[PDB]
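> The structure under discussion is supplied below as structure tokens; questions concerning it will follow.
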Amino acid sequence: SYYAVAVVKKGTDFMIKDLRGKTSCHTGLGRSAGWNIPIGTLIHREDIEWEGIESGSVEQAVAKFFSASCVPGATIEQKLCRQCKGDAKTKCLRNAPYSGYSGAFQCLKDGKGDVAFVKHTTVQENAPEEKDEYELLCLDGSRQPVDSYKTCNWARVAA
Ligand SMILES: [Fe+3]
């Protein structure tokens, strides 16, 4: 079991209400801290209105919602692939430089994203020497520092 956390650089000042039109980094299409929890959360405080109905387009309603994302694994929406590092043909594959926990966070570190949707051990695991350079978006419209994820997380995820 992990916690889903939303990780941001210190010195940006956007809160959870303020996410529309930001850029984002996800581990990949369909993963738990990655597409599932933040996108469903955003859908249920009504930030992402489900744009589709020729077609349940979740990918569309999300592309409508952030400016540009990296979401390795994305099928339909070429906005979702727009911040991804790598080659033309490769960069948005389900494994690619920006795929996964480590890659979602490297997206944000690299400046390629304003937020990374990840898990509670990602910043320590990947950059223990730069943890104070980050904080976490809480659901209550505050920030807390990276250690505070028990008190600052989008959800607790099963095994
Ligand atoms: Fe996961």
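Here the Cβ is made from the backbone with ideal geometry for all residues, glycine too, and neighbour counts use every protein chain on show. Nothing in this text is a laboratory measurement; each read-out follows from the coordinates by a stated rule.
> Collect the residues in segment 49-105 that are in a loop (DSSP other than H, G, I, E, B), closer than 22 Å to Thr121 by Cα and not charged (D, E, K, R), keeping them in residue-number order.
Taking segment 49-105 as the starting set, the residues that turn out to be in a loop (DSSP other than H, G, I, E, B) are 49-57, 64-68, 71-80, 82-99.
From what is left, the residues that are closer than 22 Å to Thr121 by Cα are 71-72, 94-99.
Of everything in segment 49-105, those that are in a loop (DSSP other than H, G, I, E, B), closer than 22 Å to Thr121 by Cα and not charged (D, E, K, R) turn out to be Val71, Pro72, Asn95, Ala96, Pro97, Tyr98, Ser99.
> Name the residue that is farthest from the ligand (Cβ to nearest atom), counting only residues in segment 139-159 that are in contact with a helix residue (DSSP H, G or I) (Cβ under 7 Å, 6 or more places away or on another chain) and of a type outside the set (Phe, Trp, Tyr). Write out each step before concluding.
Our first condition is that a residue be in contact with a helix residue (DSSP H, G or I) (Cβ under 7 Å, 6 or more places away or on another chain); within segment 139-159, this holds for 139, 141, 144, 146, 154-155, 157.
Next, only the ones that are of a type outside the set (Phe, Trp, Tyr) stay: 139, 141, 144, 146, 155, 157.
Working: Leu139: 19, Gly141: 25, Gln144: 21, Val146: 18, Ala155: 11, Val157: 6 Å.
Residue satisfying both the conditions and the ranking: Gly141.
> Now for a separate question. List the pairs whose first member sits in segment 34-53 and is closer than 14 Å to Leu19 by Cα, whose second member is in a helix (DSSP H, G or I) and within 15 Å of the ligand (Cβ to nearest atom), and whose Cβ atoms are under 8 Å apart, counting only residues at least 6 apart or on separate chains?
Between residues of segment 34-53 that are closer than 14 Å to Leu19 by Cα and residues that are in a helix (DSSP H, G or I) and within 15 Å of the ligand (Cβ to nearest atom), the close pairs are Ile48/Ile39.
> Kindly provide the set of residues from segment 108-137 that are in contact (Cβ under 8 Å) with a residue 24 or more places away in the chain, outside any strand (DSSP E or B), more than 16 Å from the ligand (Cβ to nearest atom) and closer than 25 Å to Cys81 by Cβ, ordered by number.
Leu108, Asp110, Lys112, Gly113, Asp114
> While we're looking at this one, here's another question. Give segment 3-18 a look and list any residue that's in a helix (DSSP H, G or I) and either within 16 Å of the ligand (Cβ to nearest atom) or in contact with a helix residue (DSSP H, G or I) (Cβ under 6 Å, 6 or more places away or on another chain) (or both), or say none.
From segment 3-18, those in a helix (DSSP H, G or I) are 16-18; that's our starting set.
Selection gives nothing.
> Here is a further query. Please indicate, with yes or no, whether at least one residue in segment 19-40 is within 16 Å of the ligand (Cβ to nearest atom), assigned to a helix (DSSP H, G or I) and farther than 26 Å from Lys85 by Cβ.
Step one: list which residues in segment 19-40 are within 16 Å of the ligand (Cβ to nearest atom), which gives 25-40.
Going one step further and asking which of them are assigned to a helix (DSSP H, G or I), we end up with 32-40.
Okay, now just the ones that are also farther than 26 Å from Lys85 by Cβ, so 40.
For segment 19-40, residues within 16 Å of the ligand (Cβ to nearest atom), assigned to a helix (DSSP H, G or I) and farther than 26 Å from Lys85 by Cβ: present.
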